[PDB]
């Protein structure tokens, strides 16, 4: 198989995939998009790994086929952090997603949506799908892997599980494993979607009713863990939305901001994928079956750049400090100044650009 036309969308059939749990999901497709020109040696691939609700559209404007622009708009191109004049930015839709790759909303063999029959996946299963997707194109080793959040967890299992198939990695706003705080809010986000009457045990697809209310609830609660406490108060405080009265049907500024944030997600994301991908986040743990977190990291030789956000409330700075101390390929923690919490790795263009540019230098 060949890479899709630069910019366009493409599907890569990797066949059956045996998961860490033993389950076997067959006829697996992996959507992918590429910016940049593949090298004659196929050795300049920079794999960009997206987060929970992201997809393969990492950069570019909106329009046909893409409701919203890329989540890292401007990270790939001439002179950009990932210089496409000499690098090949390859992004894929994670396994279990809903933007082209096999997931709960995809159809199985019986001609009906996977739904509740979709097997539970892990971060290592998402990585095996990406690695297999690249193999289907003749790419065994990639120059670097970069991602934040789930994308960071995907980049951590890539450098630890396949150290010889990658030359460098950028771990952004992620930890070596899921924390109690992350699982607590994420398992409750799931319970919010599952308590919606229209969830229908996960087989709501093609029935007309979906768990919209539950999905908005989960997204609103999650968005709070993405932002910084001070940034929210400084920006919204307790002000009212316009001239509304929260005492008699109005809304607060922050309340109107969260409802919009959940509305943006309903029009593009599927609840089933939100559950499956969140359950994969909960299972994140680089030390499982490797002798613990410390052993797995001490035994990883891949050179990596670790970045952490100060005001991050979902992935506190202490987690990245642990990663940098234990990974021998990492000099030290690379703090990203930002007041926007976890969203810092999405908004701090210049700060994140420096970490990417440092990561590609190690790949050289």
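Positions refer to the first chain, counted from 1.
In this entry, the higher average B-factor at the C-alpha atoms falls on 80-88, of the pair 80-88 and 115-123. Taking the PDB entry as given, 39-47 carries the higher mean Cα B factor of the two stretches 39-47 and 300-308.
Each of 202, 163, 208, 291 has a CA temperature factor in the record; the biggest one is found at 163. Comparing C-alpha B-factors across 190, 172, 133, 271 in the deposited entry, the largest value falls on 133.
Among the modelled residues of its chain, residue 32 has a C-alpha B-factor that falls in the middle third, as given in the PDB entry. In the deposited entry, the Cα temperature factor of residue 104 sits in the middle third of values across the chain's modelled residues. In this PDB entry, residue 15 carries a Cα temperature factor that places it within the highest third of its chain's modelled residues. Ranked against the other modelled residues of its chain, the C-alpha B-factor of residue 287 as given in the entry falls in the middle third. Residue 63 sits in the highest third of its chain by CA B factor, as recorded in the PDB entry.
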